[PDB]
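Just one chain follows, in the form deposited without Tetracaine (TE4), and it is written as structure tokens.
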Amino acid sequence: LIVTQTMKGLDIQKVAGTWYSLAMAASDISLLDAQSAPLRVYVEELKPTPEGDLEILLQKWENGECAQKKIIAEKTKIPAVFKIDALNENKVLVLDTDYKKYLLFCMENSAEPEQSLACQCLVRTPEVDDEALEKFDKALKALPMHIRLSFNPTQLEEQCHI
């Protein structure tokens, strides 16, 4: 309810497998600032369960080391929207995907006021996808982002993007 872009007809089973966090954007600079900033997470694999929840394997720079983490995004009644438990619990939205090349998604808080939001362009291969990046930029102009990060094919192949 800042993000009002979801993918129609999402088949969550088809997002299974390998992904690369080619680009990231966020509403607040401090969310993506340093290696260890809170939302600087690098996706490695999407694992939908048979019951339709979404597990996410990612890397996070935790204590001077690139750490391995597993999150479960629980399904909702909207197939493009998932929910994560926490103090504040946060929605994950799938904005758009072709399954085979790119997926765009955003993470937001239920706050108020306090927009607060981060989005990624995920790609299947360690390549700069011009088309994906255009679509990411379109989805973003509707949103109030203040930091934007981009990674090259060498960094994409490194734990925690170098």
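Residue positions are given as counts along the sequence shown, with the first one as 1.
>> When the other structures of this protein are compared, and only where the residues around it are present, is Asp98 absent from a third or more of them?
In response: No, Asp98 is modelled in every other compared entry.
> Coordinates for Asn88 lacking in at least a third of the other PDB entries compared?
Replying inline: Yes, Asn88 lacks coordinates in at least a third of the other compared entries that model both of its neighbours.
> Per the entry, where is the mean C-alpha temperature factor higher: 115 to 123 or 65 to 73?
Replying inline: Going by the record's values, the stretch with the higher mean is 65 to 73.
>> On mean Cα temperature factor in this entry, is 98 to 106 or 52 to 60 the higher one?
In response: Looking at the record's C-alpha B-factors, the answer is 52 to 60.
> Among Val43, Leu39, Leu93, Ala34, which carries the highest Cα B-factor?
Replying inline: Top of the list by C-alpha B-factor: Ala34.
>> Where does the C-alpha B-factor of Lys14 rank in its chain, lowest, middle or highest third?
In response: For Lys14, the deposited C-alpha B-factor lands in the middle third.
> According to the PDB entry, is the CA B factor of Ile78 in the bottom, middle or top third of its chain, that is, lowest, middle or highest?
Replying inline: Middle third, going by the recorded CA B-factors of the chain.
> Split the chain's modelled residues into thirds by Cα B-factor; is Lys141 in the lowest, middle or highest one?
Replying inline: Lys141: CA B-factor falls in the highest third of its chain.
> Sorting the chain's CA B-factors, does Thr4 end up in the lowest, middle or highest third?
Replying inline: It falls in the top third of the chain.
Quick note: we don't show the form solved in complex with Tetracaine (TE4), though the next part is all about it.
>> Would you classify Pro126 as touching Tetracaine (TE4) in the deposited bound form, given a 4.5 Å non-hydrogen atom cut-off?
In response: Contact with Tetracaine (TE4), no.
>> Heavy atom within 4.5 Å of Tetracaine (TE4) in the deposited bound form: which residues of 15 to 47 meet that condition, in order?
In response: Contacts from 15 to 47: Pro38, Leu39, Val41, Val43, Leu46.
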